[PDB]
């Protein structure tokens, strides 16, 4: 019904309020370890297009600053076709963006996603998703989880251990209710800074559509999609509805 769609879209218009209180998971600084810097404009928009119940995700790309190879600045967030769930997200493959202009020197840094449970480590479903995406391409990729809740957003960045990559490919299964031998220790702390001194941008699917949640049959997780620079649409945008009548 066009009714229930409408109420969910309304709740999402209040997401921005959560950016008043921002928490970032941090520990004693380590010099040899990389530092990831996330443009605030990117976090703000990404929250604004997300959902109150269903996980939303995207890839992150960027590069080392000129003086400091340990400081990885996030330049670009890529929203790709996906099917989100409460508790997990089915994300399509690493996108091919090298043919796009202005992407010279861009490094794939990992992925970013929302969640509605608070944790101090990558959940079982993150481990499976992160394994499937990165095990054979770039194991140093990070996972930035945003715990989104009324009143605040809490960010934590993780690296995934070799052991974690291994379990994640054993248990690639989509049910993921067994969780035999899942360990919090599969993930380790990555250093993350929020910054409003730098600006980032978005690359989106060329036809604007990234949320396949109400178009499930039409979603191909293995799909080779087309990409362009743009302003990502919100979760319940009309283009994310099945076109009717």
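Residue numbers count along the first chain shown, from 1.
When the mean C-alpha temperature factors of 166 to 174 and 114 to 122 are read from the deposited coordinates, 166 to 174 comes out higher. Looking at mean Cα B-factors across 42 to 50 and 193 to 201, the upper value is held by 193 to 201. Per the PDB entry, 29 shows the highest C-alpha temperature factor of the residues 61, 29, 36, 212. In the PDB entry, a CA B factor belonging to the middle third of its chain's modelled residues is recorded for residue 25. Residue 151: CA B factor in the middle third of modelled residues in this chain (values from the PDB entry). Per-chain ranking of the deposited C-alpha B factor places residue 138 in the middle third. Ranked by Cα temperature factor within the chain, residue 87 sits in the middle third according to the deposited record. Ranked within its chain, residue 101 lands in the highest third, by CA B factor from the PDB record.
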